[PDB]
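So the structure is just underneath, and the comments pick up after that.
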Amino acid sequence: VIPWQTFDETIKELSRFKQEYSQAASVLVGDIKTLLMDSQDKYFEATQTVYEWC
Amino acid sequence: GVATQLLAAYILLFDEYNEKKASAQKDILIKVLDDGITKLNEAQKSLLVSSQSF
């Protein structure tokens, strides 16, 4: 009359969805942030070198 | 610190044209500038790598 086992297992699958997706997402987001900072640094160096020549 | 004193010595000793220390002076200037440019470029590249490290 209270299928609490099935209820809890449902909640388990539901939570496990969001666990997996947070896990997959945040790593790649951090990779993006790294590449953004790297491109920034390359840009700074290139512009600096040009300006110093000019 | 060395550069600013060498250049002041250049201005002071060559207000006029002494022909005797003329040839040595060019050697001194070439030596100090070829040293300092290399120093500065290596320092900048090291700082760039240090910036990229984060």
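In the structure tokens, each chain is lettered A, B, ... as it comes, each chain's residues begin at 1, and ligands are numbered from 1 in order of appearance.
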
Sorted by chain and rising residue number, list the residues of chain B at most 8 Å from chain A (counting only C-alpha atoms), each with its closest atom pair and distance in Å to one decimal, as a tab-separated table.
residue	atom	partner	partner_atom	distance
B:48	CA	A:45	CA	7.6
B:51	CA	A:41	CA	7.7
B:52	CA	A:38	CA	6.8

Could you please take those selected residues and save N, CA, C and O atoms as a tab-separated table (two decimals), in the first residue's frame?
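Produced file selection-v3.tsv, reproduced below:
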chain	number	residue	atom	x	y	z
B	48	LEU	N	56.57	34.67	-19.17
B	48	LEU	CA	55.43	34.17	-19.92
B	48	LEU	C	55.12	32.73	-19.57
B	48	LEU	O	53.95	32.37	-19.40
B	51	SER	N	53.49	32.69	-16.28
B	51	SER	CA	52.10	33.09	-16.37
B	51	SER	C	51.23	31.97	-16.90
B	51	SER	O	50.12	31.76	-16.41
B	52	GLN	N	51.72	31.23	-17.89
B	52	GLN	CA	50.97	30.13	-18.48
B	52	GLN	C	50.77	28.97	-17.53
B	52	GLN	O	49.82	28.20	-17.71

Running DSSP on the backbone, which parts of chain B land in alpha helix (DSSP H), as a PyMOL selection string? chain B and resi 2-13+22-52

Those same residues - C-alpha atoms - I'd like them written as a PDB file, in the first residue's frame.
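Saved as selection-v2.pdb:
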ATOM      1  CA  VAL B   2      75.432  49.204 -14.896  1.00  0.00           C
ATOM      2  CA  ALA B   3      73.685  50.523 -17.989  1.00  0.00           C
ATOM      3  CA  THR B   4      72.733  53.900 -16.535  1.00  0.00           C
ATOM      4  CA  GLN B   5      76.295  54.572 -15.389  1.00  0.00           C
ATOM      5  CA  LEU B   6      77.893  53.483 -18.656  1.00  0.00           C
ATOM      6  CA  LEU B   7      75.602  55.744 -20.647  1.00  0.00           C
ATOM      7  CA  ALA B   8      76.229  58.707 -18.342  1.00  0.00           C
ATOM      8  CA  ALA B   9      79.942  58.066 -18.814  1.00  0.00           C
ATOM      9  CA  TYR B  10      79.343  58.089 -22.568  1.00  0.00           C
ATOM     10  CA  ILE B  11      77.596  61.474 -22.464  1.00  0.00           C
ATOM     11  CA  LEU B  12      80.241  62.926 -20.135  1.00  0.00           C
ATOM     12  CA  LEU B  13      83.354  61.640 -21.906  1.00  0.00           C
ATOM     13  CA  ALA B  22      86.306  56.529 -30.063  1.00  0.00           C
ATOM     14  CA  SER B  23      86.898  52.960 -31.258  1.00  0.00           C
ATOM     15  CA  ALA B  24      86.785  51.420 -27.782  1.00  0.00           C
ATOM     16  CA  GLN B  25      83.534  53.216 -26.997  1.00  0.00           C
ATOM     17  CA  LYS B  26      81.666  51.538 -29.849  1.00  0.00           C
ATOM     18  CA  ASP B  27      82.866  48.134 -28.626  1.00  0.00           C
ATOM     19  CA  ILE B  28      81.703  48.916 -25.086  1.00  0.00           C
ATOM     20  CA  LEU B  29      78.274  50.044 -26.293  1.00  0.00           C
ATOM     21  CA  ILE B  30      77.819  47.028 -28.582  1.00  0.00           C
ATOM     22  CA  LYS B  31      78.823  44.673 -25.768  1.00  0.00           C
ATOM     23  CA  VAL B  32      76.498  46.145 -23.137  1.00  0.00           C
ATOM     24  CA  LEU B  33      73.469  46.405 -25.432  1.00  0.00           C
ATOM     25  CA  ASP B  34      73.926  42.908 -26.842  1.00  0.00           C
ATOM     26  CA  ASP B  35      74.076  41.679 -23.260  1.00  0.00           C
ATOM     27  CA  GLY B  36      71.030  43.564 -22.020  1.00  0.00           C
ATOM     28  CA  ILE B  37      68.697  42.743 -24.902  1.00  0.00           C
ATOM     29  CA  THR B  38      69.354  39.016 -24.449  1.00  0.00           C
ATOM     30  CA  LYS B  39      68.797  39.364 -20.695  1.00  0.00           C
ATOM     31  CA  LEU B  40      65.465  41.145 -21.164  1.00  0.00           C
ATOM     32  CA  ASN B  41      64.189  38.706 -23.775  1.00  0.00           C
ATOM     33  CA  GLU B  42      65.004  35.686 -21.614  1.00  0.00           C
ATOM     34  CA  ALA B  43      63.338  37.321 -18.615  1.00  0.00           C
ATOM     35  CA  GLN B  44      60.182  38.026 -20.614  1.00  0.00           C
ATOM     36  CA  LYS B  45      59.974  34.467 -21.919  1.00  0.00           C
ATOM     37  CA  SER B  46      60.470  33.037 -18.433  1.00  0.00           C
ATOM     38  CA  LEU B  47      57.719  35.304 -17.112  1.00  0.00           C
ATOM     39  CA  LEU B  48      55.434  34.172 -19.924  1.00  0.00           C
ATOM     40  CA  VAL B  49      55.941  30.507 -19.044  1.00  0.00           C
ATOM     41  CA  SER B  50      55.325  31.349 -15.386  1.00  0.00           C
ATOM     42  CA  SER B  51      52.101  33.094 -16.375  1.00  0.00           C
ATOM     43  CA  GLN B  52      50.968  30.133 -18.479  1.00  0.00           C
TER      44      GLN B  52
END

May I ask for the distance between CA of residue 15 in chain A and CA of residue 27 in chain A, given in Å to one decimal place? 19.0 Å
